[PDB]
Amino acid sequence: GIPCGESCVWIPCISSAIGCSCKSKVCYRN
């Protein structure tokens, strides 16, 4: 539920591997 800080506006988040999901061009985690 909390944004990981990384945005997937054009390119997917690199730190997504920690459990981040792309939402509204922003990667969130829990």
# chains A, B, ... in the order shown; residues from 1 in each chain; ligands from 1

call {"tool": "select_by_dssp", "arguments": {"residues": "chain A", "states": "strand (DSSP E or B)", "output": "list in words"}}
result
residues 2, 3, 21, 22, 23, 26, 27, 28 and 29 of chain A

call {"tool": "write_last_selection", "arguments": {"atoms": "N, CA, C and O atoms", "output": "mmCIF file, in the first residue's frame"}}
result
data_model
loop_
_atom_site.group_PDB
_atom_site.id
_atom_site.type_symbol
_atom_site.label_atom_id
_atom_site.label_comp_id
_atom_site.auth_asym_id
_atom_site.auth_seq_id
_atom_site.Cartn_x
_atom_site.Cartn_y
_atom_site.Cartn_z
ATOM 1 N N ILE A 2 2.054 1.205 0.504
ATOM 2 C CA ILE A 2 2.919 2.379 0.561
ATOM 3 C C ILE A 2 3.861 2.412 -0.634
ATOM 4 O O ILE A 2 4.572 1.444 -0.886
ATOM 5 N N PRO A 3 3.881 3.519 -1.396
ATOM 6 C CA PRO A 3 4.749 3.650 -2.566
ATOM 7 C C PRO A 3 6.215 3.450 -2.225
ATOM 8 O O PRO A 3 6.731 4.035 -1.274
ATOM 9 N N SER A 21 4.728 -3.268 -6.572
ATOM 10 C CA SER A 21 3.832 -3.461 -7.698
ATOM 11 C C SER A 21 3.540 -2.116 -8.353
ATOM 12 O O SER A 21 3.331 -1.117 -7.662
ATOM 13 N N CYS A 22 3.543 -2.088 -9.678
ATOM 14 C CA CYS A 22 3.289 -0.860 -10.419
ATOM 15 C C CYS A 22 1.812 -0.482 -10.357
ATOM 16 O O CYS A 22 0.944 -1.255 -10.762
ATOM 17 N N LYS A 23 1.536 0.711 -9.852
ATOM 18 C CA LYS A 23 0.169 1.200 -9.739
ATOM 19 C C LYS A 23 0.121 2.691 -10.038
ATOM 20 O O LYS A 23 0.781 3.481 -9.370
ATOM 21 N N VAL A 26 3.265 4.282 -10.468
ATOM 22 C CA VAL A 26 4.039 4.366 -9.238
ATOM 23 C C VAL A 26 4.072 2.992 -8.580
ATOM 24 O O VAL A 26 3.043 2.351 -8.430
ATOM 25 N N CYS A 27 5.241 2.533 -8.196
ATOM 26 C CA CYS A 27 5.360 1.233 -7.557
ATOM 27 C C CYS A 27 5.068 1.334 -6.065
ATOM 28 O O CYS A 27 5.659 2.151 -5.362
ATOM 29 N N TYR A 28 4.147 0.505 -5.591
ATOM 30 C CA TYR A 28 3.760 0.484 -4.193
ATOM 31 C C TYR A 28 4.127 -0.849 -3.570
ATOM 32 O O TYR A 28 4.199 -1.867 -4.259
ATOM 33 N N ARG A 29 4.317 -0.842 -2.270
ATOM 34 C CA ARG A 29 4.632 -2.045 -1.528
ATOM 35 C C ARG A 29 3.825 -2.039 -0.246
ATOM 36 O O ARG A 29 4.031 -1.190 0.620
#

call {"tool": "atom_distance", "arguments": {"atom1": "CA of residue 30 in chain A", "atom2": "CA of residue 11 in chain A"}}
result
20.7 Å

call {"tool": "residues_around", "arguments": {"residues": "residue 25 in chain A", "least_positions_apart": "3", "cutoff": "8 Å", "atoms": "only C-alpha atoms", "output": "ChimeraX atom specification"}}
result
/A:7-10,22

call {"tool": "write_last_selection", "arguments": {"atoms": "C-alpha atoms", "output": "mmCIF file, in the first residue's frame"}}
result
data_model
loop_
_atom_site.group_PDB
_atom_site.id
_atom_site.type_symbol
_atom_site.label_atom_id
_atom_site.label_comp_id
_atom_site.auth_asym_id
_atom_site.auth_seq_id
_atom_site.Cartn_x
_atom_site.Cartn_y
_atom_site.Cartn_z
ATOM 1 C CA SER A 7 7.691 5.399 -10.450
ATOM 2 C CA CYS A 8 6.887 3.171 -13.414
ATOM 3 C CA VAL A 9 5.948 6.072 -15.672
ATOM 4 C CA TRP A 10 7.851 4.709 -18.659
ATOM 5 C CA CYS A 22 3.289 -0.860 -10.419
#

call {"tool": "select_by_dssp", "arguments": {"residues": "chain A", "states": "helix (DSSP H, G or I)", "output": "PDB file with C-alpha atoms, in the first residue's frame"}}
result
ATOM      1  CA  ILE A  14      14.231  -1.606 -10.403  1.00  0.00           C
ATOM      2  CA  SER A  15      13.603  -2.071  -6.678  1.00  0.00           C
ATOM      3  CA  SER A  16      10.309  -3.772  -7.546  1.00  0.00           C
ATOM      4  CA  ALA A  17      11.963  -7.093  -6.660  1.00  0.00           C
ATOM      5  CA  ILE A  18      11.550  -6.245  -2.965  1.00  0.00           C
TER       6      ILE A  18
END
